[PDB]
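Here you get one chain, nothing else, as structure tokens; it is the form deposited in one PDB entry.
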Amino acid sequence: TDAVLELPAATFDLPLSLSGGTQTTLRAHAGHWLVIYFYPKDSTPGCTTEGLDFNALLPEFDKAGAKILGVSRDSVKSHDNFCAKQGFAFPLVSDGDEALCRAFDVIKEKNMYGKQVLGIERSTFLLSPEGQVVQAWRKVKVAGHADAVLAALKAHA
């Protein structure tokens, strides 16, 4: 009823490689809210702006017991370098095989260059304590986004 997106059951048990060398799974986050934001490329202007915006709001997400994960298909080492340079205090998922991206249907196609070109569309989701995807943002506008996600989380919580 409250879900806006249905994920395959296996999605919740995918091993997600994090910055810092550990793995997580979505099921491991049971019992608390989770914000998952997908972005196209480490260390680019929009992605850096978005990450810094979420980072600045961490205490507000903490107040709500929520955790955040950023996701792109960059490597663990790329993510480590990005986190260290920017001072991020939340993890980044190295979704190199785009398994998590496909589950959330964020790999979108565009007819460009006389080709069918597939890429990550900037998108964010709110996962309830019982693992339901209860809100989505697609084709994200970075300006104001993290603030809007926080407001929606508060409203839902």
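Residue positions are given as counts along the sequence shown, with the first one as 1. The term rigid core refers to the most C-alpha atoms you can superpose between the two forms while keeping them within 1.5 Å.
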Is it true that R73 has no coordinates in a third or more of the other entries in the comparison?
no
Check the entry's C-alpha temperature factors for 118 to 126 and 60 to 68, then say which stretch has the higher mean.
60 to 68
Report the stretch with the higher mean CA temperature factor, choosing between 1 to 9 and 148 to 156 on the basis of the entry.
1 to 9
Per the PDB entry, maximal CA B factor within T49, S94, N55, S43:
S43
At the C-alpha atoms, which of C101, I36, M112, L26 reaches the highest B-factor in this entry?
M112
Split the chain's modelled residues into thirds by Cα B-factor; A30 lands in the highest
Looking at the C-alpha B-factor of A143, is it in the lowest, middle or highest third of its chain?
highest
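Another form, the form deposited in another entry, is not on view; read the next lines as being about it.
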For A56, decide whether the Cα shift between the shown form and the other one is 2 Å or greater, given a superposition on the rigid core.
no
With both forms fitted on the core, give yes or no for whether the Cα of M112 moves by 2 angstroms or more between the shown form and the other one.
yes
